[PDB]
Amino acid sequence: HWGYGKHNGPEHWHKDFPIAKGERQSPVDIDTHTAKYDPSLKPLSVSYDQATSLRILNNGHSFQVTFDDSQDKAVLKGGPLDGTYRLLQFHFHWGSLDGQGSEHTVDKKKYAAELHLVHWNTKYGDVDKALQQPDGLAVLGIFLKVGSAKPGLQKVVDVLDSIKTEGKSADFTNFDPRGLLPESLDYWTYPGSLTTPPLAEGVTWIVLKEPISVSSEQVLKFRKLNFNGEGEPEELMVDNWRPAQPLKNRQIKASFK
Ligand SMILES: NS(=O)(=O)CCNC(=O)/C(Cc1ccc(O)c(Br)c1)=N/O
Ligand SMILES: [Zn+2]
């Protein structure tokens, strides 16, 4: 029922999910001049060498690549995090034009798209239990700007034809998420929420300062996806982003000076 259109989009979500007006909602605008460098943040550890991708899926809101999270293969540790968080899936949010598409903004700047690598805290045993905790999830957010092509994204782009419409999936094994990361792991962090229903307030956000560059041709292939299922009126999957939400009492911390 929920979506991104005029009658079902983010301004409607609070009716089914009243937490949409909560105290720790995401995304937010990252005011880079208000964020506090925190010299005590431990270093961030992104350990993706043993990642096992499984499937790529159009879920009617984004497309996602799913991973085997039955053991500690691809994990995020350190930084603001206590313990070990396992990679479950990544997906993207993007625009109809290159000047919008990201969920987080940086000094009000929107990027063309935003990559989310979703992880769950292993002390809670499964993602469903993790979803119910205030420290259950950690999402690594990476901005995309249009310029040079990202070679490590091309295998993803090339399979999107096969998952055009909601409900379609394909095998997507041996994909290496390391190829999606920028050079620097400098980041901002704050406590927030899922940016889609059910908008659960259980996410530690880690948003990288350095965007990755992707080509116009790569983002154009995202915009050929459809929100609708096969047979229904064609509605391009574009502008699948929630806008910035109130910061409320929160502090954004920077890992860098
Ligand atoms: N933009 S985001 O904050 O990274 C969250 C993206 N949301 C999704 O993938 C969802 C909702 C969801 C349902 C069950 C879950 O266990 C998790 Br986890 C997320 N799709 O239906
Ligand atoms: Zn997301």
Side-chain angles (χ1 to χ4, degrees), residues 1-4 8-10 13 16-17 19-20 22 24-28 30 53-70 74-76 81 85-95 100-105 110-144 156 163 166-169 172 177 180 187-208 211-212 222 225 227 229 237-245 250:
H1 174 70
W2 71 266
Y4 292 92
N8 69 353
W13 294 349
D16 271 343
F17 305 99
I19 206 60
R24 55 171 287 183
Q25 290 288 292
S26 293
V28 296
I30 300 167
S53 63
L54 296 171
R55 310 278 301 166
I56 190 170
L57 165 70
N58 181 331
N59 60 33
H61 305 291
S62 181
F63 70 87
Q64 72 184 79
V65 173
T66 63
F67 289 80
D68 178 5
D69 66 342
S70 72
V75 301
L76 189 66
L81 305 176
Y85 288 67
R86 277 196 199 154
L87 177 64
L88 172 61
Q89 55 103 324
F90 68 80
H91 61 273
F92 300 81
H93 305 265
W94 61 91
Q100 62 198 63
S102 67
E103 298 207 305
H104 295 89
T105 58
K110 302 174 161 71
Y111 287 87
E114 190 172 329
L115 164 61
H116 289 162
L117 294 125
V118 182
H119 311 73
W120 57 268
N121 189 333
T122 63
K123 78 186 265 212
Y124 304 122
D126 69 72
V127 71
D128 189 93
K129 185 56 172 196
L131 184 68
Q132 298 171 62
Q133 316 304 324
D135 63 344
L137 309 166
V139 186
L140 178 60
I142 303 174
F143 297 119
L144 278 60
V156 171
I163 59 152
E166 185 273 315
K168 292 199 67 176
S169 67
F172 202 67
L180 296 177
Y187 64 86
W188 300 283
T189 185
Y190 74 94
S193 73
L194 302 180
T195 70
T196 61
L199 303 167
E201 289 185 334
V203 179
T204 301
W205 279 96
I206 301 172
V207 176
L208 299 190
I212 58 167
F222 288 12
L225 292 167
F227 283 128
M237 185 181 283
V238 293
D239 296 316
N240 60 343
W241 49 277
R242 189 191 195 190
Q245 302 298 308
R250 298 176 287 179

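For this chain, numbers begin at 1 and follow the sequence in order. Counting convention: from 1, in listed order, for ligands and their atoms alike.
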Using a strict cut-off of 4.0 Å, indicate which atoms of ligand 1 neighbour a heavy atom of [X].
| X | answer |
| --- | --- |
| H93 | 1 (N) |
| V118 | 4 (O) |
| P197 | 11 (C) |

Donor-acceptor pair, side chain of [X] and main chain of [Y], under 3.5 angstrom:
| X | Y | answer |
| --- | --- | --- |
| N240 | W94 | yes |
| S193 | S26 | yes |
| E114 | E103 | yes |
| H119 | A138 | yes |
| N121 | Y124 | no |
| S102 | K110 | no |

Closest protein heavy atom to [atom], given as residue, atom name and distance to 0.1 Å:
| atom | result |
| --- | --- |
| atom 20 (N) of ligand 1 | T196 OG1, 4.4 Å |
| atom 13 (C) of ligand 1 | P198 CD, 4.3 Å |
| atom 14 (C) of ligand 1 | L131 CD2, 4.5 Å |

> Can you name the N, O or S atom of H116 that is closest to the Zn ion (ligand 2)?
Replying inline: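 Restricting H116 to its N, O and S atoms, the minimum distance to the Zn ion (ligand 2) goes to ND1.
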> Do the two ring centres, one from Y190 and one from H104, sit under 6.0 Å apart?
Replying inline: yes
>> Pairs of nitrogen or oxygen atoms closer than 3.5 Å, one from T195 and one from ligand 1: do any exist?
In response: yes
Determine, using heavy atoms of [X] and all atoms of ligand 1, whether some pair is separated by less than 4.0 Å.
| X | answer |
| --- | --- |
| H91 | yes |
| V127 | yes |
| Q89 | yes |

> Considering only heavy atoms, does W205 approach ligand 1 within less than 4.0 Å through its side chain, its backbone, both, or neither?
Replying inline: side chain
> Where do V203 and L194 come nearest, in terms of heavy atoms and distance?
Replying inline: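 Minimum heavy-atom separation between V203 and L194: CG2-N, 3.6 Å.
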